[PDB]
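Values below: all heavy atoms of this structure, side chains included; hydrogens, waters and symmetry mates excluded. So you know, we letter chains A, B, ... as the sequences are listed, proteins then strands, and number each from 1.
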2 protein chains.
Amino acid sequence: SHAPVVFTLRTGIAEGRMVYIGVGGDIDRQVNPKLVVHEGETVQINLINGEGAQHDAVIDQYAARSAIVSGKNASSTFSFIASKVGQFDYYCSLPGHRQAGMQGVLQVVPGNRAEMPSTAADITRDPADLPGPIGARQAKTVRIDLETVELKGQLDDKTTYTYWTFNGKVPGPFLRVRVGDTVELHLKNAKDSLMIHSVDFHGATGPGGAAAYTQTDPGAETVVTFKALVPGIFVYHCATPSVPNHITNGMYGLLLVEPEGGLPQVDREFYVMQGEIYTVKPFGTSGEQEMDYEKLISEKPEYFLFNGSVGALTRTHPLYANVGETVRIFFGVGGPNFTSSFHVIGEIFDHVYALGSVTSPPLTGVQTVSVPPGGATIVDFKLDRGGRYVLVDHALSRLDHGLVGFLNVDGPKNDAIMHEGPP
Amino acid sequence: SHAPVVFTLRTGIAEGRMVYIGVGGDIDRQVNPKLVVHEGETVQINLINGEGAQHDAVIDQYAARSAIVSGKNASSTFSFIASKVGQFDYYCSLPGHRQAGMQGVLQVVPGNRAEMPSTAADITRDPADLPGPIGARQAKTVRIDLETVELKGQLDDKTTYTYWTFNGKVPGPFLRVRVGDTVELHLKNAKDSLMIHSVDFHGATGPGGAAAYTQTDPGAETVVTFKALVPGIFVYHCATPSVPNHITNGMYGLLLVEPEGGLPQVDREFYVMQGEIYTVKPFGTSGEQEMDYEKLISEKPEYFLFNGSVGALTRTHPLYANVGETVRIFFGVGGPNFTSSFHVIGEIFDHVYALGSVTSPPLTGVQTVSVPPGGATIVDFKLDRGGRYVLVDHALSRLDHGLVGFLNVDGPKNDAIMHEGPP
Ligand SMILES: O=N[O-]
Ligand SMILES: O=N[O-]
Ligand SMILES: [Cu+2]
Ligand SMILES: [Cu+2]
Ligand SMILES: [Cu+2]
Ligand SMILES: [Cu+2]
Ligand SMILES: [Cu+2]
Ligand SMILES: [Cu+2]
């Protein structure tokens with residue numbers, strides 16, 4: 001699995017004994033905590049030396065163990081598949097340490113992990129939720145309605161956050177016009193909003209890319225008209241101060257201005273944006289997460305997310321496609337601050353629309369592409385065969401802050417393209 | 001023995017192991033220190049819990065152990081006689097703790113502990129260094145010469161201190177006159193003094209008990225005349241500010257004004273004074289000790305002393321007498337701050353001159369007497385048999401800050417007054 005169940009253990013002194021102490025998630029501050037796992041899960045255990053004696057962690061029945069950590073903060077992580085149901089001791093093998101109290105239980109339970117019942121609104125955009133290619137047709141006036149809505153969202157399994165959105169979801173609505181079109185934009189600020197909201201389009205020409213015309217009080221509406229003069233895949237975002245605050249809380253989307261010829265024919269299109277959230281408490285903490293200004297202005301986030309939430313593109317709203325289909329991903333970074341190294345594990349991009357230019361020829365046979373904040377790109381590839389394909393920022397420490405997505409494709413395990421054993 | 005060899009161990013994590021860490025003395029900060037002891041010595045080990053797991057210390061061959069100490073700072077002291085030469089493990093008996101590093105050696109060496117060659121002047125006043133009884137004699141004019149002297153002294157085995165003294169010793173000269181006498185006092189302050197010095201006698205009547213006429217610059221001399229109008233046993237001390245500072249540094253002594261008859265004849269007299277020293281580093285620290293002003297004004301000393309130094313009346317200048325003698329101790333407290341609960345282990349005070357009154361009838365058959373700072377008394381008793389008799393302040397935590405003394409008396413171990421076995 002590419003979504004492991006993760007436990008962190010710090011060694012220390014508690015309850016009169018030398019013990020393991022849980023760090024974060026369901027086990028924060030618990031001594032020799034029970035590590036509860038469902039049959040077939042991939043288990044990652046992070047050991048961190050707390051007090052400065054020599055430690056490891058060993059699970060006999062799984063032939064699994066950490067390395068020995070000597071100094072304070074010295075760390076070793078290990079993994080295994082929970083293939084066996086029952087109760088297994090994790091313990092320190094250093095002389096005396098097990099007898100001194102370094103022992104807990106790993107419990108492996110039969111059947112799959114139930115999903116935790118949510119407490120707040122689902123604020124993740126389905127990656128399939130976008131309008132398809134516009135016909136060939138004459139340029140014309142297109143009317144777009146945007147509503148700025150502040151609302152609590154399910155950030156993780158048992159953690160919530162106050163999101164600011166376009167139309168109650170992150171990213172906002174996928175906007176699709178033809179070059180030459182005239183856009184008639186209506187921005188309504190919901191009555192229950194505390195804050196002024198706005199929108200800047202990177203595909204609009206003029207002051208604030210429309211921000212100067214769209215500063216909207218709560219319970220008010222603004223209206224602006226603008227010509228789509230350039231074809232491109234453009235990010236749009238709120239542009240009321242603090243702009244970085246409005247962006248991190250979720251006020252970003254994509255505007256595709258199609259060129260006259262349209263993009264190349266493709267079997268299936270998806271919508272994905274990457275952002276950061278700057279919380280007071282670390283990734284994994286349950287309850288109401290709140291915003292940490294000091295972390296926002298110093299570019300030190302706790303959450304890296306696709307489409308608004310942890311599990312957004314794995315559990316709640318993953319991507320589905322069929323073997324033999326050509327797939328297009330419109331991929332944008334709201335940010336506000338981090339450049340994404342976008343990669344699909346198990347795939348190679350046939351075409352990459354460099355800097356999101358839709359008029360310059362796309363680059364060919366590319367593994368991984370840099371997308372800046374306030375930037376976007378288009379990748380396409382042919383699905384030759386089945387598998388779970390994984391969307392990642394190849395700054396791979398971001399796996400441990402929520403940044404992972406699934407493209408699920410039904411097919412055999414073994415074919416001519418990739419198989420176990422030799423020819 | 002009333003001079004046990006003392007070691008303090010704190011449990012902790014050091015050199016990547018769970019260990020014992022030496023606290024002060026020759027073992028400060030050493031991990032699992034070697035405890036070096038001489039054959040026949042009484043050993044005291046204080047175990048203090050550092051990090052908060054359960055611990056003890058055990059030495060198999062001496063059937064000795066601490067109690068189990070559980071939380072941080074929890075302590076257990078134990079003792080035994082080092083009767084067998086060789087090497088012996090002290091260890092923690094809690095499950096795994098020995099294996100995990102909680103083990104050191106006690107080395108019992110043959111022969112007697114050698115004394116450290118001293119590095120500074122001996123500032124200790126011998127308890128026999130006082131003038132004998134004044135004959136019957138008419139009242140008259142007596143000239144007394146005092147010199148105020150600043151000098152480093154041997155405070156302990158391997159520790160020094162800047163003492164301020166009358167005539168280079170602590171306490172100062174025992175002054176002996178008859179009531180009605182006229183005292184011609186000369187006070188020479190040494191050239192090499194940083195500070196002004198002076199003297200207030202409690203047996204003198206008028207401004208500052210002479211202090212107003214004795215404020216003496218370095219290299220200068222004051223002369224003052226005063227009448228000894230009252231019989232008593234009077235403490236005298238420097239009266240130059242800070243007076244507490246001048247007293248702690250050594251500037252106290254005793255003035256006996258004999259009544260017309262003189263005091264009842266006794267076979268042998270002794271001179272003893274108690275005081276405190278207020279150092280930055282705790283009791284037992286080697287090196288030059290320095291004064292801590294915050295500890296002096298808050299009355300939190302590190303040394304409690306008889307006649308100026310640790311070992312003053314045990315090692316360097318102890319008391320000596322013979323069976324059948326009547327003994328008198330002039331005992332005063334310089335202080336500056338603490339009241340002494342004066343007592344001689346193995347003896348009872350035949351007479352106590354309550355509040356140092358020499359004219360009121362003495363109290364009889366008294367175990368222990370309170371002497372305030374700036375007060376003295378007289379005690380006498382008959383030595384009915386032999387032994388080492390021990391001078392103490394019976395606030396007995398002051399044993400561990402250097403306050404103990406020996407009266408050595410040659411006689412058999414067993415006799416009619418106290419013996420092994422039944423009658
Ligand atoms: O394929 N790398 O995540
Ligand atoms: O017997 N007194 O310590
Ligand atoms: Cu361990
Ligand atoms: Cu906004
Ligand atoms: Cu922008
Ligand atoms: Cu122990
Ligand atoms: Cu003085
Ligand atoms: Cu006084």
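Within 6.0 Å of NZ on A:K295 lie more than 12 heavy atoms contributed by other residues, nucleotides or ligands. Under a cut-off of 6.0 angstrom, the local environment of CD in B:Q107 is crowded, with over 12 non-hydrogen atoms contributed by other residues, nucleotides or ligands. Crowding of B:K300 atom NZ: a count of heavy atoms from other residues, nucleotides or ligands under 6.0 Å not exceeding 12. Annotation for A:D26: atom CG does not count as buried by contact number, only 12 or fewer foreign heavy atoms lying within 6.0 Å. Counted within 6.0 Å of CD1 on B:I81, heavy atoms from surrounding residues, nucleotides or ligands total 12 or fewer; the atom is thus considered open. Heavy atoms from other residues, nucleotides or ligands lying under 6.0 Å from CD of A:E290 number 12 at most. A 6.0 Å sphere centred on CZ of B:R29 holds no more than 12 heavy atoms belonging to other residues, nucleotides or ligands.
In this structure, B:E51 CD and A:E51 CD are separated by 9.5 Å, a value rounded to the nearest 0.5 Å. Annotation: the span from B:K72 atom NZ to A:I13 atom CD1 amounts to 11.5 Å, rounded to 0.5 Å.
Counting heavy-atom pairs closer than 4.5 Å to chain A, the top residue among B:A100, B:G101, B:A14 is B:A100.
Contact residues of residues 87-99 of chain A toward chain B are A:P95, A:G96, A:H97, A:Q99 (heavy-atom distance under 4.5 Å).
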